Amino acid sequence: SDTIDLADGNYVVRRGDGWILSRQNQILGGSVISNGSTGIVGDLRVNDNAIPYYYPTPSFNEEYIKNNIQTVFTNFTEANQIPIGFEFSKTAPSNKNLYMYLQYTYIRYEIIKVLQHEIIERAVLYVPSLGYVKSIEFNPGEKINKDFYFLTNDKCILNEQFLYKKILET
């Protein structure tokens, strides 16, 4: 369930890179390439696409989350001011059409409260990382799985992680 072999108290948790968010999949748009050509989509992580997503709880407000995350793990406020680019390249096979679309990935951080081997409270922070492309080869009028276009719940495209540190009192 939400059971965890840890002592009572608060924790910062790095849950890994490679998280993609629900519903948000196609909002950057995509390319259609054809017949031997190569498509290359990319982005640049600066300023107003590097603004993170906070999800606080009664115990853990935003400031608390930011401060603990940046103390233990990476300081995203300093890092995300310096532009970093990324790109993906796909090649269309002869006499076929390829569609490729781009979405941001995030590092998922958590603040958890544990009481009697149980997580009774959890705050979440998504910090923009890089990106991820999905591609499909298609025919005119071919029906495509909804799952290719639309993500219902947040998932991690890599292996999830659980890197914790206990938070001590002021």
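Residues carry their position along the shown sequence, with the first being 1.
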- Taking the mean of the C-alpha B-factors per stretch from the entry, tell me the winner out of 56-64 and 29-37. 56-64
- Message: Highest Cα temperature factor in the entry, among the options 137, 48, 110, 43: which one is it?
- Response: 48
- Note on the structure: Split the chain's modelled residues into thirds by Cα B-factor; residue 82 lands in the highest
- Message: Ranking the modelled residues of this chain by C-alpha B-factor as given in the entry, is residue 125 in the lowest, middle or highest third?
- Response: lowest
- Message: Where does the C-alpha B-factor of residue 159 rank in its chain, lowest, middle or highest third?
- Response: middle
- B-factor third for the C-alpha atom of residue 89 within its chain: lowest
- Message: Quick check for you: using the entry's CA B-factors within this chain, is residue 102 in the lowest, middle or highest third?
- Response: lowest
